[PDB]
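Reproduced below: input.cif, with mmCIF, N, CA and C atoms.
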```cif
data_protein
loop_
_atom_site.group_PDB
_atom_site.id
_atom_site.type_symbol
_atom_site.label_atom_id
_atom_site.label_comp_id
_atom_site.auth_asym_id
_atom_site.auth_seq_id
_atom_site.Cartn_x
_atom_site.Cartn_y
_atom_site.Cartn_z
ATOM 1 N N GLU A 1 -24.761 5.257 23.071
ATOM 2 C CA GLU A 1 -23.565 5.413 22.171
ATOM 3 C C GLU A 1 -22.230 4.991 22.860
ATOM 4 N N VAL A 2 -21.743 3.780 22.533
ATOM 5 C CA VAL A 2 -20.655 3.072 23.268
ATOM 6 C C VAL A 2 -19.191 3.390 22.863
ATOM 7 N N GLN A 3 -18.623 4.438 23.476
ATOM 8 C CA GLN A 3 -17.246 4.907 23.241
ATOM 9 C C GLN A 3 -16.186 3.853 23.509
ATOM 10 N N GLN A 4 -15.224 3.753 22.596
ATOM 11 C CA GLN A 4 -14.116 2.834 22.790
ATOM 12 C C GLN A 4 -13.144 3.471 23.777
ATOM 13 N N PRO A 5 -12.400 2.638 24.514
ATOM 14 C CA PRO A 5 -11.222 3.184 25.168
ATOM 15 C C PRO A 5 -10.198 3.628 24.097
ATOM 16 N N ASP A 6 -9.365 4.615 24.410
ATOM 17 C CA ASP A 6 -8.274 5.018 23.512
ATOM 18 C C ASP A 6 -7.370 3.870 23.122
ATOM 19 N N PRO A 7 -6.919 3.858 21.870
ATOM 20 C CA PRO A 7 -5.846 2.898 21.608
ATOM 21 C C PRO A 7 -4.616 3.386 22.339
ATOM 22 N N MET A 8 -3.721 2.460 22.682
ATOM 23 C CA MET A 8 -2.432 2.783 23.277
ATOM 24 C C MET A 8 -1.785 3.949 22.564
ATOM 25 N N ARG A 9 -1.692 3.856 21.255
ATOM 26 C CA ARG A 9 -0.977 4.857 20.498
ATOM 27 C C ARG A 9 -1.865 5.401 19.422
ATOM 28 N N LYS A 10 -1.683 6.662 19.048
ATOM 29 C CA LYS A 10 -2.309 7.137 17.797
ATOM 30 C C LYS A 10 -1.522 8.255 17.123
ATOM 31 N N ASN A 11 -1.985 8.698 15.973
ATOM 32 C CA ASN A 11 -1.298 9.791 15.332
ATOM 33 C C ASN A 11 -1.734 11.057 15.989
ATOM 34 N N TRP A 12 -0.760 11.934 16.244
ATOM 35 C CA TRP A 12 -1.025 13.273 16.716
ATOM 36 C C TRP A 12 -0.735 14.293 15.631
ATOM 37 N N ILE A 13 -1.638 15.256 15.548
ATOM 38 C CA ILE A 13 -1.620 16.224 14.505
ATOM 39 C C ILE A 13 -1.673 17.607 15.121
ATOM 40 N N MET A 14 -0.689 18.416 14.745
ATOM 41 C CA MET A 14 -0.677 19.802 15.153
ATOM 42 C C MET A 14 -0.883 20.562 13.856
ATOM 43 N N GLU A 15 -2.048 21.178 13.738
ATOM 44 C CA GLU A 15 -2.391 22.009 12.597
ATOM 45 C C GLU A 15 -1.645 23.332 12.538
ATOM 46 N N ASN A 16 -1.289 23.713 11.304
ATOM 47 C CA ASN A 16 -0.852 25.057 10.995
ATOM 48 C C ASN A 16 0.301 25.455 11.939
ATOM 49 N N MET A 17 1.339 24.631 11.962
ATOM 50 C CA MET A 17 2.496 24.861 12.816
ATOM 51 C C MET A 17 3.607 25.526 12.025
ATOM 52 N N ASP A 18 4.355 26.377 12.705
ATOM 53 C CA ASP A 18 5.480 27.032 12.070
ATOM 54 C C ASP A 18 6.524 26.052 11.448
ATOM 55 N N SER A 19 6.806 26.212 10.162
ATOM 56 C CA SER A 19 7.816 25.376 9.482
ATOM 57 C C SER A 19 9.235 25.426 10.025
ATOM 58 N N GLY A 20 9.793 26.614 10.238
ATOM 59 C CA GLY A 20 11.079 26.745 10.947
ATOM 60 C C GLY A 20 11.185 25.846 12.179
ATOM 61 N N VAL A 21 10.170 25.897 13.043
ATOM 62 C CA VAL A 21 10.191 25.072 14.255
ATOM 63 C C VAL A 21 9.980 23.588 13.898
ATOM 64 N N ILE A 22 9.153 23.290 12.881
ATOM 65 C CA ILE A 22 9.033 21.900 12.445
ATOM 66 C C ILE A 22 10.408 21.388 12.121
ATOM 67 N N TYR A 23 11.139 22.125 11.290
ATOM 68 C CA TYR A 23 12.505 21.729 10.941
ATOM 69 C C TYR A 23 13.452 21.610 12.151
ATOM 70 N N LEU A 24 13.459 22.606 12.999
ATOM 71 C CA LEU A 24 14.182 22.512 14.250
ATOM 72 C C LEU A 24 13.878 21.212 15.009
ATOM 73 N N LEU A 25 12.591 20.911 15.156
ATOM 74 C CA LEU A 25 12.161 19.783 15.946
ATOM 75 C C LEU A 25 12.510 18.464 15.282
ATOM 76 N N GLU A 26 12.245 18.291 13.979
ATOM 77 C CA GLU A 26 12.610 17.070 13.265
ATOM 78 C C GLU A 26 14.091 16.817 13.300
ATOM 79 N N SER A 27 14.907 17.877 13.176
ATOM 80 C CA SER A 27 16.365 17.797 13.364
ATOM 81 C C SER A 27 16.785 17.266 14.718
ATOM 82 N N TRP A 28 16.215 17.875 15.751
ATOM 83 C CA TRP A 28 16.533 17.472 17.112
ATOM 84 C C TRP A 28 16.225 15.963 17.304
ATOM 85 N N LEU A 29 15.023 15.541 16.873
ATOM 86 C CA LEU A 29 14.546 14.168 16.992
ATOM 87 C C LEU A 29 15.475 13.195 16.300
ATOM 88 N N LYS A 30 15.777 13.516 15.051
ATOM 89 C CA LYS A 30 16.646 12.717 14.223
ATOM 90 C C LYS A 30 17.992 12.528 14.919
ATOM 91 N N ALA A 31 18.548 13.619 15.473
ATOM 92 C CA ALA A 31 19.835 13.572 16.222
ATOM 93 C C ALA A 31 19.699 12.690 17.450
ATOM 94 N N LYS A 32 18.628 12.921 18.202
ATOM 95 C CA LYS A 32 18.408 12.254 19.465
ATOM 96 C C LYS A 32 18.177 10.773 19.247
ATOM 97 N N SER A 33 17.507 10.437 18.165
ATOM 98 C CA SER A 33 17.233 9.060 17.848
ATOM 99 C C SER A 33 18.437 8.358 17.247
ATOM 100 N N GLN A 34 19.272 9.095 16.517
ATOM 101 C CA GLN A 34 20.571 8.585 16.112
ATOM 102 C C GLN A 34 21.535 8.342 17.263
ATOM 103 N N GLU A 35 21.516 9.208 18.270
ATOM 104 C CA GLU A 35 22.433 9.030 19.383
ATOM 105 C C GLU A 35 21.975 8.011 20.388
ATOM 106 N N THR A 36 20.794 7.459 20.206
ATOM 107 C CA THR A 36 20.056 6.861 21.304
ATOM 108 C C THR A 36 19.485 5.492 20.967
ATOM 109 N N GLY A 37 19.277 5.239 19.671
ATOM 110 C CA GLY A 37 18.582 4.048 19.160
ATOM 111 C C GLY A 37 17.075 3.959 19.398
ATOM 112 N N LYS A 38 16.504 4.935 20.115
ATOM 113 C CA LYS A 38 15.061 4.970 20.506
ATOM 114 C C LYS A 38 14.125 5.556 19.465
ATOM 115 N N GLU A 39 12.894 5.043 19.363
ATOM 116 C CA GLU A 39 11.911 5.658 18.439
ATOM 117 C C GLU A 39 11.695 7.153 18.732
ATOM 118 N N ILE A 40 11.478 7.884 17.646
ATOM 119 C CA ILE A 40 11.149 9.311 17.603
ATOM 120 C C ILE A 40 9.982 9.625 18.528
ATOM 121 N N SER A 41 8.868 8.898 18.364
ATOM 122 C CA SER A 41 7.620 9.168 19.091
ATOM 123 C C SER A 41 7.761 8.992 20.585
ATOM 124 N N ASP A 42 8.613 8.045 20.981
ATOM 125 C CA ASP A 42 9.064 7.894 22.384
ATOM 126 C C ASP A 42 9.961 9.027 22.929
ATOM 127 N N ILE A 43 10.975 9.413 22.165
ATOM 128 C CA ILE A 43 11.789 10.569 22.559
ATOM 129 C C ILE A 43 10.883 11.758 22.745
ATOM 130 N N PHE A 44 9.899 11.894 21.847
ATOM 131 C CA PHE A 44 9.050 13.079 21.801
ATOM 132 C C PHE A 44 8.056 13.102 22.970
ATOM 133 N N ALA A 45 7.256 12.038 23.089
ATOM 134 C CA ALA A 45 6.354 11.900 24.224
ATOM 135 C C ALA A 45 7.102 12.220 25.520
ATOM 136 N N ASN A 46 8.248 11.602 25.696
ATOM 137 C CA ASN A 46 8.944 11.762 26.942
ATOM 138 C C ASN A 46 9.393 13.235 27.145
ATOM 139 N N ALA A 47 9.841 13.878 26.051
ATOM 140 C CA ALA A 47 10.253 15.277 26.074
ATOM 141 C C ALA A 47 9.048 16.155 26.362
ATOM 142 N N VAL A 48 7.917 15.784 25.788
ATOM 143 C CA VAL A 48 6.730 16.568 26.023
ATOM 144 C C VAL A 48 6.357 16.537 27.477
ATOM 145 N N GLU A 49 6.573 15.429 28.156
ATOM 146 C CA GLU A 49 5.973 15.381 29.456
ATOM 147 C C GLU A 49 6.903 15.842 30.575
ATOM 148 N N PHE A 50 8.211 15.590 30.463
ATOM 149 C CA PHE A 50 9.206 16.253 31.333
ATOM 150 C C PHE A 50 9.449 17.734 31.009
ATOM 151 N N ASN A 51 9.875 17.993 29.787
ATOM 152 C CA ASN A 51 10.376 19.345 29.498
ATOM 153 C C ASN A 51 9.299 20.382 29.321
ATOM 154 N N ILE A 52 8.087 19.961 28.924
ATOM 155 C CA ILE A 52 7.016 20.881 28.756
ATOM 156 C C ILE A 52 6.008 20.787 29.877
ATOM 157 N N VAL A 53 5.319 19.665 30.038
ATOM 158 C CA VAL A 53 4.233 19.707 30.994
ATOM 159 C C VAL A 53 4.717 19.733 32.420
ATOM 160 N N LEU A 54 5.750 18.952 32.725
ATOM 161 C CA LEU A 54 6.208 18.868 34.112
ATOM 162 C C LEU A 54 6.765 20.205 34.544
ATOM 163 N N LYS A 55 7.632 20.794 33.712
ATOM 164 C CA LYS A 55 8.223 22.112 33.967
ATOM 165 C C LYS A 55 7.153 23.192 34.204
ATOM 166 N N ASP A 56 6.137 23.242 33.350
ATOM 167 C CA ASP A 56 5.105 24.263 33.514
ATOM 168 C C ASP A 56 4.032 23.975 34.574
ATOM 169 N N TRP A 57 3.617 22.728 34.738
ATOM 170 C CA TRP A 57 2.536 22.378 35.672
ATOM 171 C C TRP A 57 3.024 21.871 37.030
ATOM 172 N N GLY A 58 4.247 21.352 37.071
ATOM 173 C CA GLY A 58 4.719 20.692 38.275
ATOM 174 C C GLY A 58 4.194 19.273 38.426
ATOM 175 N N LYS A 59 4.824 18.502 39.312
ATOM 176 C CA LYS A 59 4.642 17.058 39.379
ATOM 177 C C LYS A 59 3.257 16.661 39.826
ATOM 178 N N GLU A 60 2.587 17.566 40.537
ATOM 179 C CA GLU A 60 1.302 17.290 41.188
ATOM 180 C C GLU A 60 0.130 17.325 40.235
ATOM 181 N N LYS A 61 -0.017 18.440 39.537
ATOM 182 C CA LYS A 61 -1.076 18.594 38.565
ATOM 183 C C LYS A 61 -0.877 17.597 37.394
ATOM 184 N N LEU A 62 0.370 17.312 37.055
ATOM 185 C CA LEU A 62 0.660 16.303 36.043
ATOM 186 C C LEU A 62 0.109 14.944 36.489
ATOM 187 N N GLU A 63 0.380 14.576 37.733
ATOM 188 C CA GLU A 63 -0.011 13.279 38.231
ATOM 189 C C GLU A 63 -1.523 13.236 38.308
ATOM 190 N N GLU A 64 -2.136 14.358 38.646
ATOM 191 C CA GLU A 64 -3.596 14.397 38.725
ATOM 192 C C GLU A 64 -4.246 14.268 37.354
ATOM 193 N N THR A 65 -3.648 14.884 36.344
ATOM 194 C CA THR A 65 -4.227 14.806 35.005
ATOM 195 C C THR A 65 -4.136 13.354 34.513
ATOM 196 N N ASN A 66 -2.920 12.787 34.575
ATOM 197 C CA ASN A 66 -2.626 11.407 34.233
ATOM 198 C C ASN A 66 -3.571 10.486 34.926
ATOM 199 N N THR A 67 -3.813 10.728 36.210
ATOM 200 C CA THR A 67 -4.681 9.877 37.010
ATOM 201 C C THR A 67 -6.110 9.935 36.488
ATOM 202 N N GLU A 68 -6.583 11.162 36.264
ATOM 203 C CA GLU A 68 -7.899 11.430 35.678
ATOM 204 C C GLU A 68 -8.074 10.663 34.373
ATOM 205 N N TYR A 69 -7.040 10.627 33.544
ATOM 206 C CA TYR A 69 -7.152 9.914 32.274
ATOM 207 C C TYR A 69 -7.248 8.415 32.518
ATOM 208 N N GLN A 70 -6.295 7.900 33.278
ATOM 209 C CA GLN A 70 -6.265 6.519 33.685
ATOM 210 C C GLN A 70 -7.639 6.101 34.193
ATOM 211 N N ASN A 71 -8.249 6.963 34.997
ATOM 212 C CA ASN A 71 -9.609 6.741 35.480
ATOM 213 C C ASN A 71 -10.619 6.655 34.375
ATOM 214 N N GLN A 72 -10.697 7.691 33.537
ATOM 215 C CA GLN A 72 -11.698 7.689 32.483
ATOM 216 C C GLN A 72 -11.536 6.451 31.675
ATOM 217 N N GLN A 73 -10.285 6.083 31.398
ATOM 218 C CA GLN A 73 -10.040 4.999 30.475
ATOM 219 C C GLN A 73 -10.525 3.706 31.080
ATOM 220 N N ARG A 74 -10.360 3.566 32.394
ATOM 221 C CA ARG A 74 -10.774 2.356 33.090
ATOM 222 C C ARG A 74 -12.281 2.240 33.052
ATOM 223 N N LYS A 75 -13.020 3.331 33.280
ATOM 224 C CA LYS A 75 -14.469 3.235 33.150
ATOM 225 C C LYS A 75 -14.896 2.860 31.753
ATOM 226 N N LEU A 76 -14.296 3.510 30.752
ATOM 227 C CA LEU A 76 -14.691 3.263 29.370
ATOM 228 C C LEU A 76 -14.466 1.816 29.022
ATOM 229 N N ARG A 77 -13.400 1.253 29.552
ATOM 230 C CA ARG A 77 -13.026 -0.075 29.203
ATOM 231 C C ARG A 77 -14.034 -1.042 29.852
ATOM 232 N N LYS A 78 -14.446 -0.751 31.084
ATOM 233 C CA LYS A 78 -15.430 -1.576 31.758
ATOM 234 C C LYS A 78 -16.801 -1.532 31.045
ATOM 235 N N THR A 79 -17.255 -0.334 30.693
ATOM 236 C CA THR A 79 -18.506 -0.140 29.945
ATOM 237 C C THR A 79 -18.506 -0.825 28.563
ATOM 238 N N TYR A 80 -17.333 -0.829 27.935
ATOM 239 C CA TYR A 80 -17.131 -1.429 26.626
ATOM 240 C C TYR A 80 -17.090 -2.942 26.725
ATOM 241 N N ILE A 81 -16.464 -3.450 27.788
ATOM 242 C CA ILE A 81 -16.406 -4.900 28.046
ATOM 243 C C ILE A 81 -17.784 -5.450 28.373
ATOM 244 N N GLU A 82 -18.540 -4.756 29.223
ATOM 245 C CA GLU A 82 -19.889 -5.235 29.498
ATOM 246 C C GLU A 82 -20.758 -5.175 28.230
ATOM 247 N N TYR A 83 -20.731 -4.042 27.521
ATOM 248 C CA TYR A 83 -21.500 -3.969 26.294
ATOM 249 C C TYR A 83 -21.202 -5.154 25.412
ATOM 250 N N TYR A 84 -19.935 -5.556 25.314
ATOM 251 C CA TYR A 84 -19.549 -6.515 24.261
ATOM 252 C C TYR A 84 -19.514 -8.024 24.542
ATOM 253 N N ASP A 85 -19.813 -8.549 25.730
ATOM 254 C CA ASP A 85 -19.974 -10.017 25.675
ATOM 255 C C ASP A 85 -21.403 -10.539 25.372
ATOM 256 N N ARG A 86 -22.080 -9.806 24.474
ATOM 257 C CA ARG A 86 -23.520 -9.973 24.176
ATOM 258 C C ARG A 86 -23.960 -9.174 22.929
#
```
Translate the structure of the given file into structure tokens.
Amino acid sequence: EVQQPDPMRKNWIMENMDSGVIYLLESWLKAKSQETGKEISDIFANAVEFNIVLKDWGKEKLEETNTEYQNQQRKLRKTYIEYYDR
């Protein structure tokens, strides 16, 4: 069963999330993207990884997780490339 590597980007879904905070967050994004010219999903990803993961996990465990992913993805891509020229 030949798993694809992840696409660069995809939709992220948070189920059953508080509406008040949804509104808070969409407001913040809209402001930040108005002040900045940058896409929402970019402001958000970046906020997620500095303000949330980096703050709580520290730079080391973050780099290790990222590395682990980069690794998995590289294997998947190699397995997928070999599977597919035939």
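Atom CA of residue A:26 is found 14.6 Å from atom CA of residue A:12.
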> Given the choices A:30, A:47, A:20, A:5, which gets closest to residue A:72 if the distance is worked out from all atoms listed in the file?
Replying inline: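 Of A:30, A:47, A:20, A:5, the one nearest residue A:72 is A:5, counting all atoms listed in the file.
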> In Å, how far is it from atom CA of residue A:48 to atom CA of residue A:6?
Replying inline: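 Distance reported for this atom pair: 19.1 Å.
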> Got a sec to tell me which of chain A DSSP assigns to alpha helix (DSSP H), as an MDAnalysis selection string?
Replying inline: chainID A and resid 19:34 40:47 55:84
> What gap, in Å, lies between atom CA of residue A:41 and atom CA of residue A:29?
Replying inline: 8.8 Å
>> If we count only C-alpha atoms and set the cut-off at 12 Å, which residues sit around residue A:53, ignoring sequence neighbours fewer than 6 positions away in its own chain? Please answer as JSON, numbers by chain.
In response: {"A": [45, 46, 47, 59, 60, 61, 62, 63, 65, 66]}
Mind dumping the selected residues with N, CA and C atoms as a PDB file, in the frame of the given file?
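Output file part_37.pdb follows:
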```pdb
ATOM      1  N   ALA A  45       7.256  12.038  23.089  1.00  0.00           N
ATOM      2  CA  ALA A  45       6.354  11.900  24.224  1.00  0.00           C
ATOM      3  C   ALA A  45       7.102  12.220  25.520  1.00  0.00           C
ATOM      4  N   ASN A  46       8.248  11.602  25.696  1.00  0.00           N
ATOM      5  CA  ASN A  46       8.944  11.762  26.942  1.00  0.00           C
ATOM      6  C   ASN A  46       9.393  13.235  27.145  1.00  0.00           C
ATOM      7  N   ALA A  47       9.841  13.878  26.051  1.00  0.00           N
ATOM      8  CA  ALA A  47      10.253  15.277  26.074  1.00  0.00           C
ATOM      9  C   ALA A  47       9.048  16.155  26.362  1.00  0.00           C
ATOM     10  N   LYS A  59       4.824  18.502  39.312  1.00  0.00           N
ATOM     11  CA  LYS A  59       4.642  17.058  39.379  1.00  0.00           C
ATOM     12  C   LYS A  59       3.257  16.661  39.826  1.00  0.00           C
ATOM     13  N   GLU A  60       2.587  17.566  40.537  1.00  0.00           N
ATOM     14  CA  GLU A  60       1.302  17.290  41.188  1.00  0.00           C
ATOM     15  C   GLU A  60       0.130  17.325  40.235  1.00  0.00           C
ATOM     16  N   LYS A  61      -0.017  18.440  39.537  1.00  0.00           N
ATOM     17  CA  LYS A  61      -1.076  18.594  38.565  1.00  0.00           C
ATOM     18  C   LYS A  61      -0.877  17.597  37.394  1.00  0.00           C
ATOM     19  N   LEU A  62       0.370  17.312  37.055  1.00  0.00           N
ATOM     20  CA  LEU A  62       0.660  16.303  36.043  1.00  0.00           C
ATOM     21  C   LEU A  62       0.109  14.944  36.489  1.00  0.00           C
ATOM     22  N   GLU A  63       0.380  14.576  37.733  1.00  0.00           N
ATOM     23  CA  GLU A  63      -0.011  13.279  38.231  1.00  0.00           C
ATOM     24  C   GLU A  63      -1.523  13.236  38.308  1.00  0.00           C
ATOM     25  N   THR A  65      -3.648  14.884  36.344  1.00  0.00           N
ATOM     26  CA  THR A  65      -4.227  14.806  35.005  1.00  0.00           C
ATOM     27  C   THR A  65      -4.136  13.354  34.513  1.00  0.00           C
ATOM     28  N   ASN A  66      -2.920  12.787  34.575  1.00  0.00           N
ATOM     29  CA  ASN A  66      -2.626  11.407  34.233  1.00  0.00           C
ATOM     30  C   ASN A  66      -3.571  10.486  34.926  1.00  0.00           C
TER      31      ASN A  66
END
```
>> I'd like the contact shell of stretch 75-82 of chain A - 7 Å cut-off, all atoms listed in the file, skipping same-chain residues fewer than 2 positions apart - returned as a ChimeraX atom specification.
In response: /A:2-5,70-73,84-86
